[PDB]
Ligand SMILES: [Mg+2]
Ligand SMILES: [Zn+2]
Ligand SMILES: [Zn+2]
Ligand SMILES: [Zn+2]
Ligand SMILES: [Zn+2]
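Numbering (the entry's author numbering), first residue to last: 249 to 252, 268 to 278, 327 to 567, 570 to 927, 930 to 1336, 1340 to 1405, 1413 to 1422, 1424 to 1439.
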């Protein structure tokens, strides 16, 4: 089979009828237990392909039930709508019994004075139903002292398996000659009279005893019982391990596992436990031992079991989301846990199921008996019986002795269900699609090793089974029973559930009263202040069209939130930049959200509010410095000719998207204000599902071959890797996204919630679903963090210059981009043609060579450089050769999509056609577009006399950067350049303190020679770290060549993270010193050489300073 590379399903190399459901059309099964790749590191197939498979097999419904999550619900919805297959939305939850009693036969005896027969049993196994006691020990204890002892051996007819001979120190001879049970049971019944039975895991030992009793018609002997396991859990929740040995060790009790020892050990503890129960609490009787049960962290110590929960109706889906959210947020231990009481409250619209062999019913039937399974099954709505293979690992694990006993377990479960009038269904616990895939799942598990108990044994065959396979597998039950539990009951369960929709259809934005009016008032107030009450026609038309598009579509909330966030940012003294197309909005400019002005190049008078508008000038900043005609003030200039259609789309029917680069420091404050704005219960950090990628998958595959010692063709490694790829590995938060839920709706109408990476200490909750499926229905606010706003603010603190006052039309920043002669350093010295090292977006070697080659000296030319840099194929094979060959200037070449549109409309082409042409070129689809469309575009361009090179340039373009983000980058660059060109020490301090994280401090402090040698090493090389060090070292060499110097870290002159300035030397932060740490840095700031070492706690860092000359000081 060609998987890229041809696979025979046996091996791989480097140079078919699909599975069919043969059942009749109406007699197809419904698969009710499906695990997708959203079950963390458990299943490997996407829900989409499972749903597609089901749609080819004619099943009328399928159920998605992942392990503790619903993260495959949106993809499942899409797949079910494509395949015409009904989706039942469920989860495989880990449910913990809320209340597990400590005392079993409630009685009003006094614990301090009662007689305890602390007993124990050696066994042939764990299943009281299919294995028997091989020994019986007990110690009658009083007042904490032993009174009597009863130890006996019981001989099973079969020889003891080597497992028992080892687990239990009992051999066949050891019990070769022993009394019959009937007799040993009667002896223990008389011995255990008028006493309080005691056991560790008293459920296990009481079930065995009662089963043995019932084997001879002996009375059940229901005297009061105590389970030391539960008592220890309740009394010492602090412990995380409660096994006898562990507990015996903790409380200093000695044990080798022979029943006699076990018994004496439990007794030596049980005395302590009962004393603690009587003293530390008010439990002086047996009954009082059960009063406080299932209260508190009880969920944390309980052992979860698998349950299947299916949403009955849309209310049921909301309830499943609330249960998933609570299991993630309130009842999480090493897994999302649902207390059984919570599942009972919310079950009117939930069909609860018995799940798999890890369920309560299968566990009870295989280890406790039909009556316990019949009582537990009372709580479920349907019973799940899987084909024997799924239960095959149990036989290999020796839980079920043979195929005869396993057939007895499945048949009993079918009967118990008919008896209680419950739907019994065959499910399949599907974890993969076809059987060739099994190895896919096996290669994924092996990676976890001892973490996954599934490794201890072999994995089952959990593959989607056709209807006939399931029917044939359960045929062992009978003919009118297999067809019932496979086809009829499953379809009955499917018909019970009403159609559910997990994802909404429209966008639900928050409501702020007076938002449209507020946005209009802000925009018009700013416009009047900048251009006068008799507003110019151009600005009038722009504002009217923008505001009609915004307020008309109900998007004023997006702009209003953006405005409040940016205003608060300004009040704290932080500039907010933007990413995307928000700068294309003049309402965004006037409301203060953006600093880019999308208007046409224009002059405006600061005092008269006069105005003149112009495509002769590419941008207003690139215009003569004229003086106001009306008065003597220097006319201000602005405008970058950015249409709003790029942001609000043609016709303005598009949802505004405002990504704001707030400072890295202030992002927390911004998110907290988004909470204040909408409430702590309606804002959630966005969520991302980190999965396994091919590098990791290849690693896991190679690890399997090494561990199992099997060679694979390299191509087989490749095929196996492409198959373990896409499996959920973890969950994360988006870098700065926040999702807001309308106060007239709750999060559960959209998604469950959780903590990122399941960290319960997280200050924010994330959405359970991907932001990629909830962002078309609720507002996703991108409050991103960027280092640029952190640099400008510190430069303002260091210099006082208000950032806005800085002029971006300076006549020396163009010089910075032409050459370093403005800086006062030679190209030979700074090792770069342009003195733009460290100017945001203008210091990468590639972009620096682009500048050296084209020598731009205008704001429009700098925008073209930024576009050439963030566009694929727009330059290396496009405008780099059109410029070197001399065909076109830097200004003429295509650099941004908005530039494409403006030029096509600067020429006679109609605006609508250009928008279409701009979109086509932006999406790298010009080649893809059919000749009819390409011909319309070509004819229009030629009629407007479009230069022939332009069309050729368009054909090779892939992705083109937006013009507004480019203008933001260029403004930040020009402000940081003002300081670099005018106030160098301040610029250098800000850059290092905010961006530089890796300093070869000793080399930088030594002088130029050292930095030069260090750069050579990197030049000869290299790891990401080496190149980061090389960028910091290059800025260091520029600063050193400029006469400024660095200083060694000073105990009384070094800030923890920020460089300090004295003359032309920046004192260095403690953070820079190799691994001086950040917490250690803060501690030093808070504060003999030994005394300093103490405040810091590291001897190794003390040795560093002792060698670099601070400790010498
Ligand atoms: Mg025991
Ligand atoms: Zn699983
Ligand atoms: Zn399960
Ligand atoms: Zn399962
Ligand atoms: Zn004027």
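Quick reminder that beta carbons are idealized off the backbone N, C-alpha and C, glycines included.
| From 959, 732, 353, residue whose alpha carbon lies closest to that of residue 1226 | When each option's Cα is compared against that of residue 1226, the closest is 959.
| query | Assuming residue 1277 and residue 893 make a contact with CB atoms under 8 angstroms, what is their CB distance in whole Å? | reply | Their Cβ separation, rounded to whole angstroms, is 6 angstroms, which keeps residue 1277 and residue 893 in contact under 8 angstroms.
| Heavy atoms of ligand 4 versus C-beta positions, residues under 6 angstroms | Counting every residue whose Cβ lies closer than 6 angstroms to a heavy atom of ligand 4, we get 344, 346, 403, 669, 742.
| field | Delimiting residues of the alpha helix (DSSP H) encompassing residue 606 | value | Secondary structure note for residue 606: it is in no alpha helix (DSSP H), with a DSSP letter that is neither H nor E.
| Can you tell me whether DSSP reads residue 621 as helix, strand or coil? | It is a strand residue.
| From residue 911 to residue 1326, what distance separates their C-alpha atoms? | Straight-line Cα distance between these residues: approximately 44 angstroms.
| query | Thinking C-alpha only, which one of 949, 472, 875, 700 is nearest residue 986? | reply | Of the candidates 949, 472, 875, 700, 875 places its Cα closest to the Cα of residue 986.
| How many angstroms separate the CA atom of residue 1329 from the CA atom of residue 1368? | If you draw a straight line from the Cα of residue 1329 to the Cα of residue 1368, it is about 24 angstroms long.
| task | Alpha carbon to alpha carbon, how far is residue 560 from residue 579? Give it in angstroms, no decimals. | result | About 12 angstroms.
| request: Please work out which residues of its chain come closer than 6 angstroms, Cβ to Cβ, to residue 1128, disregarding the five sequence neighbours upstream and downstream, and give them in chain order. | output: The residues are 1289, 1292.
| Limits of the beta strand (DSSP E) - the one that residue 496 falls within | Unbroken run through residue 496 is the alpha helix (DSSP H), 492–502; no beta strand (DSSP E).
| Quick one, which of 845, 869, 848 has its alpha-carbon nearest residue 826's? | For residue 826, the nearest C-alpha among the options comes from 869.
| What span of residues does the beta strand (DSSP E) with residue 959 cover, start to end? | Per DSSP, residue 959 belongs to no beta strand (DSSP E) and is neither H nor E.
| C-beta atoms of residue 753 and residue 1038 nearer than 8 angstroms | Between residue 753 and residue 1038, the gap from beta carbon to beta carbon is short of 8 angstroms.
| Which residue's Cα is closest to the Cα of residue 487: 995, 836, 479, 467? | Minimum Cα distance to residue 487 is reached at 467.
| On the three-pair Cβ rule with 8 angstroms, is the stretch 943–952 touching the stretch 846–859? | These segments do not touch.
| said: I'd like to confirm something about residue 583: is its beta-carbon nearer than 7 angstroms to some heavy atom of ligand 6, or not? | reply: As far as ligands go, the structure on display features ligand 1, ligand 2, ligand 3, ligand 4 and ligand 5 and does not contain ligand 6.
| query | Which residue's Cα is closest to the Cα of residue 498: 532, 547, 510? | reply | Taking only the C-alpha atoms, the option nearest residue 498 is 532.
| For residue 456, the three-state DSSP class (helix, strand or coil) | Residue 456: strand per DSSP, three-state reduction.
| message | Helix, strand or coil, according to DSSP, for residue 1179 in the structure here? | response | In this structure, DSSP gives residue 1179 a helical state, which the three-state scheme calls helix.
| field | Sequence-distant residues of the same chain with beta carbon closer than 8 angstroms to residue 790, five excluded per side | value | Residues 723, 724, 727, 798 of the same chain have their beta carbon placed closer than 8 angstroms to that of residue 790, with the five preceding and five following residues left out of the count.
| field | Residue interval of the alpha helix (DSSP H) (run including residue 1236) | value | Boundaries of the alpha helix (DSSP H) around residue 1236: 1226–1237.
| request: Return helix, strand or coil for residue 650, following the three-state DSSP convention. | output: Strand at residue 650.
| Heavy atom of ligand 2 less than 7 angstroms from the Cβ of residue 378, yes or no? | It does: the Cβ of residue 378 is within 7 angstroms (strictly closer) of some heavy atom of ligand 2.
| One or two residues paired with residue 1100 in a DSSP bridge | According to DSSP, residue 1100 bridges with 977.
| Straight-line CA distance for residue 1380 to residue 1067? | Computed Cα separation, rounded: 54 angstroms.
| Segment contact flag, the stretch 1043–1055 with the stretch 999–1012, C-beta cutoff 8 angstroms, min 3 pairs | In this structure the stretch 1043–1055 lies against the stretch 999–1012, because at least three pairs of beta carbons, one per stretch, are closer than 8 angstroms.
| query | Can you tell me where the alpha helix (DSSP H) with residue 855 in it begins and where it stops? | reply | Looking at the DSSP string, the run of the alpha helix (DSSP H) that includes residue 855 is 850–866.
| said: Check whether the stretch 540–549 and the stretch 602–612 are in contact - that is, three or more C-beta pairs closer than 8 angstroms. | reply: Cβ pair count under 8 angstroms is three or more, so yes.
| message | Output needed for residue 558: all residues of its chain with C-beta closer than 7 angstroms, excluding positions within five of it in sequence on either side, in chain order. | response | So the list reads 543, 582, once near-sequence residues are dropped.
| task | Consult DSSP for residue 1137 and reduce its assignment to one of helix, strand or coil. | result | For residue 1137, the secondary structure class from DSSP, reduced to helix, strand or coil, is coil.
| said: Going by DSSP in three states, residue 1150 sits in which element: helix, strand or coil? | reply: Three-state result, residue 1150: coil.
| message | Out of 450, 480, 1236, 529, which one is the CA nearest neighbour of residue 506? | response | The candidate whose alpha carbon is nearest that of residue 506 is 450.
| request: Assuming residue 1359 contacts residue 1145 (C-beta within less than 8 angstroms), just tell me the rounded distance between them. | output: So it is a contact: roughly 6 angstroms between Cβ atoms.
| Out of 711, 805, 807, which has the shortest C-alpha to C-alpha gap to residue 770? | Ranking the options by Cα distance to residue 770, first place goes to 711.
| query | To the nearest angstrom, how far is it from the Cα of residue 1027 to the Cα of residue 269? | reply | Residue 1027 and residue 269: Cα-Cα distance of roughly 14 angstroms.
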